[PDB]
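A.B. asks: Residue numbers (the authors' numbering), protein chains in the order written: chain E, 1 to 441; chain M, 1 to 49. Shown below is the structure under consideration.
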Amino acid sequence: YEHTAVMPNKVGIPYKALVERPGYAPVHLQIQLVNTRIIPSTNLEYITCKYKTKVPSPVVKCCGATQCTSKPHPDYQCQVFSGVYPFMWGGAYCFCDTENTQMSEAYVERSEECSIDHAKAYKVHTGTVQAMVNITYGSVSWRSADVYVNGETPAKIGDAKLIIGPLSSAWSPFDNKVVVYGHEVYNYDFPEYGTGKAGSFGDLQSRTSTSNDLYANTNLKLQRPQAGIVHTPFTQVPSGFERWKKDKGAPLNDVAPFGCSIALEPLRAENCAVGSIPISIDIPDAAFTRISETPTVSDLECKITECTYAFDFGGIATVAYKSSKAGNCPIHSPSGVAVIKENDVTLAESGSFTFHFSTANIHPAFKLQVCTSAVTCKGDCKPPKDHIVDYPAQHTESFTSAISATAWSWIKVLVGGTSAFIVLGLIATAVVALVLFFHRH
Amino acid sequence: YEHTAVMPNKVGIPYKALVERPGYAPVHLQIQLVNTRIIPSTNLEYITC
Ligand SMILES: *[C@@H]1O[C@H](CO)[C@@H](O)[C@H](O)[C@H]1NC(C)=O
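Spelled out as structure tokens, the structure:
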């Protein structure tokens, strides 16, 4: 039997309801969200890492001029320094005093550590939203099955079909361009491929971790060898990857609104408390029981014992429940001003049962629907003493939950005072007009 | 669970209270003063005999 509703996107707060079917006793439904994953569709653009300036062995020609030949290599530099008299352990490397040439070449590669640490540049557009859901209904225990939040995909949770309806808000913590480094995610407007400056980020960009293009812009200049020494000096801008690592401000794991937790197989934003989720469950007909086989509850009288609008279940009430037959039967408080802790109560022929509830109102005035009949509960509630707690609120405020009787009466006396004064003035104006009209006429 | 109060300085008269904690049954509290000593800091000036 279908049951449509709308529930908040909060994780851990169970949505409770009473599925009422004409002719059958209600069944208590409890749908809770274990987690909700916004899983975007990524497209890798490139990979950034530290560079390695490969410096091959210089070519020393003794009495010749050998010349550069451009090779297809990232940031390849070849220079032909002339007038080199190399000295080495044997001593006198080349004969000709001045007509000696050294060809030094250098080119940038991926560092060996690029396969372990690297930044993946990603373009994110939009993705599936998935969530794990816990449902209970009647005597059926928890089922805890994973669903797709699109509003069209049934999910067979036990023997119930849940069509979890799309998120009201299309908000996603990621912008178009992100950078993934290790377990951190950054909302970085990375340079496009082949644009990276010399030392900021993307100075070394590779499409994949095993690519061969390896665009690299490092400003590598070969320098003249020192007199005597056969070495290949060069000057280069320090890696922009490390500059990024020690200037990168704050990941999205910390910045993220709504308490999104960013995970990185596959790249997702978890437990984000934004908007509402339509739901449509189809409880099987075997769960329902005929209304004739269920207790009928009369003479309901509810008294609120000590209550306080704490985030936890800070309210206790007792209901006297003189009944017809004995057995288990559900309770639910539809108003949304109080959240009932317990799902069922076991009833004897007569007596009383106690239930806990959570609320934000100073005066919680809520209807508790037991079994079939309903009872109205009202009372007074005290402030919680604890300032900061480690658990989220189990209820919702409603912008009237704090007004309280005294402030209600005060604002009433104020509004009524102003209204009465103005209406007294207007009736006075009418009375003068009428008396003057009677004066002449 | 904290409970603040003010009690008389009488010795032997028990101060009684009901410590009430929201959500929990009240607890009876009985604080009694066996004795109260005002102990000044003395410094010997001299001795006479
Ligand atoms: C909800 O399902 C989870 C598994 O996702 C399970 O561990 C838990 O027991 C269920 N809820 C309750 C109240 O048992």
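The C-beta atom is built at its ideal place from N, Cα and C for all residues, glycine as well.
1. Could you run through the region 21-32 of chain M and flag, in chain order, every residue whose CB is less than 7 angstroms away from some CB of chain E?
2. For residue 330 of chain E and residue 15 of chain E, what's the separation of their Cα atoms in angstroms?
3. DSSP three-state call for residue 439 of chain E: helix, strand or coil?
4. Confirm, please, whether the CB-CB distance from residue 295 of chain E to residue 333 of chain E is below 7 angstroms.
5. Just list the residues that DSSP pairs residue 321 of chain E with in beta bridges.
6. Quick one: residues in its chain with C-beta nearer than 6 angstroms to the C-beta of residue 4 of chain E, no 5 flanking neighbours on either side, listed in chain order?
7. Using a Cβ-Cβ cutoff of 7 angstroms, what residues of the region 350-382 of chain E are near chain M? List them in chain order.
8. Whose Cβ in chain M lies nearer than 8 angstroms to the Cβ of residue 314 of chain E?
9. Buried or exposed: which applies to residue 440 of chain E, given that a residue is buried once 16 or more other Cβ atoms fall within 10 Å of its Cβ?
10. Could one say the Cβ of residue 308 of chain E lies closer than 7 angstroms to chain M's Cβ atoms, at least one of them?
11. For the structure I just gave you, are there three or more beta carbon pairs, one from the region 196-213 of chain E and one from the region 58-70 of chain E, closer than 8 angstroms?
12. Determine the extent of the beta strand (DSSP E) in which residue 357 of chain E is found, giving its start and end residues.
13. Only counting the same chain, and skipping five residues up and downstream in sequence, which positions put a Cβ closer than 6 angstroms to that of residue 1 of chain M?
14. Please report how far the alpha carbon of residue 229 of chain E lies from the alpha carbon of residue 81 of chain E, in whole angstroms.
15. For residue 123 of chain E and residue 179 of chain E, I'd like the C-alpha separation in whole angstroms.
16. By DSSP's criteria, residue 446 of chain E is part of a beta bridge. Which residues make up the other side?
17. Quick one: does the C-beta of residue 134 of chain E sit closer than 6 angstroms to a heavy atom of ligand 1?
18. Using a threshold of 6 angstroms, is the CB atom of residue 172 of chain E nearer than that to any non-hydrogen atom of ligand 1?
19. Do residue 432 of chain E and residue 311 of chain E have their beta-carbon atoms positioned less than 7 angstroms apart in this structure?
20. Rounded to whole angstroms, what's the CA-CA distance from residue 43 of chain M to residue 308 of chain E? Just pull it up for me.
21. Determine the extent of the beta strand (DSSP E) in which residue 110 of chain E is found, giving its start and end residues.
22. My understanding is that residue 339 of chain E touches residue 352 of chain E, with C-beta atoms under 8 angstroms, so please give their C-beta distance in whole angstroms.
23. Can you check DSSP and say which residues form a bridge with residue 21 of chain E?
24. Determine the direct distance from the alpha carbon of residue 364 of chain E to that of residue 384 of chain E, and round the result to whole angstroms.
25. Going by the beta-carbon positions, is the gap between residue 108 of chain E and residue 51 of chain E smaller than 7 angstroms?
26. Per the contact definition of three or more C-beta pairs closer than 8 angstroms, is the region 142-151 of chain E in contact with the region 242-259 of chain E?
27. Which value, in whole angstroms, describes the spacing of the CA atoms of residue 127 of chain E and residue 24 of chain E?
28. If I follow the unbroken alpha helix (DSSP H) through residue 243 of chain E, where does it start and stop?
29. I need the DSSP call for residue 200 of chain E, collapsed to helix, strand or coil.
30. Looking at residue 411 of chain E: is its Cβ nearer than 7 angstroms to the Cβ of residue 7 of chain E?
31. Quick test of your reading: residue 93 of chain E and residue 59 of chain E, contact by CB under 8 angstroms. State the CB separation rounded to the nearest angstrom.
32. Only counting the same chain, and skipping five residues up and downstream in sequence, which positions put a Cβ closer than 6 angstroms to that of residue 346 of chain E?
33. Alpha carbon to alpha carbon, what distance is there between residue 218 of chain E and residue 224 of chain E?
34. DSSP three-state label for residue 405 of chain E, please.
35. Taking 8 angstroms as the cut-off, does the region 288-306 of chain E touch the region 366-378 of chain E (at least 3 CB pairs, one atom from each stretch)?
C.D. replies: For this structure:
1. 22, 23
2. 15 angstroms
3. helix
4. Judged by their CB atoms, residue 333 of chain E and residue 295 of chain E are not nearer to each other than the 7 angstroms cut-off.
5. E/300
6. 280
7. Listed by position, the residues of the region 350-382 of chain E near chain M (Cβ gap below 7 angstroms) are 382.
8. 22, 23
9. exposed
10. yes
11. no
12. Its beta strand (DSSP E) spans residues 352-359.
13. 21
14. The alpha-carbon atoms of residue 229 of chain E and residue 81 of chain E are separated by roughly 13 angstroms.
15. 9 angstroms
16. The structure shown does not extend to residue 446 of chain E, since chain E spans only 1 to 441, so no value can be given for it.
17. yes
18. no
19. no
20. Cα-Cα distance, rounded: 56 angstroms.
21. Its beta strand (DSSP E) spans residues 101-110.
22. About 21 angstroms; that fails the 8 angstroms criterion.
23. E/24
24. CA-CA distance, residue 384 of chain E to residue 364 of chain E, rounds to 15 angstroms.
25. yes
26. no
27. Residue 24 of chain E has its alpha-carbon roughly 41 angstroms from the corresponding atom of residue 127 of chain E.
28. Unbroken alpha helix (DSSP H) run through residue 243 of chain E: 240-247.
29. coil
30. It is not a contact, given that the beta carbons lie outside the stated cut-off.
31. So it is not a contact: roughly 13 angstroms between Cβ atoms.
32. 328
33. 19 angstroms
34. Note: residue 405 of chain E maps to helix in three-state DSSP.
35. yes
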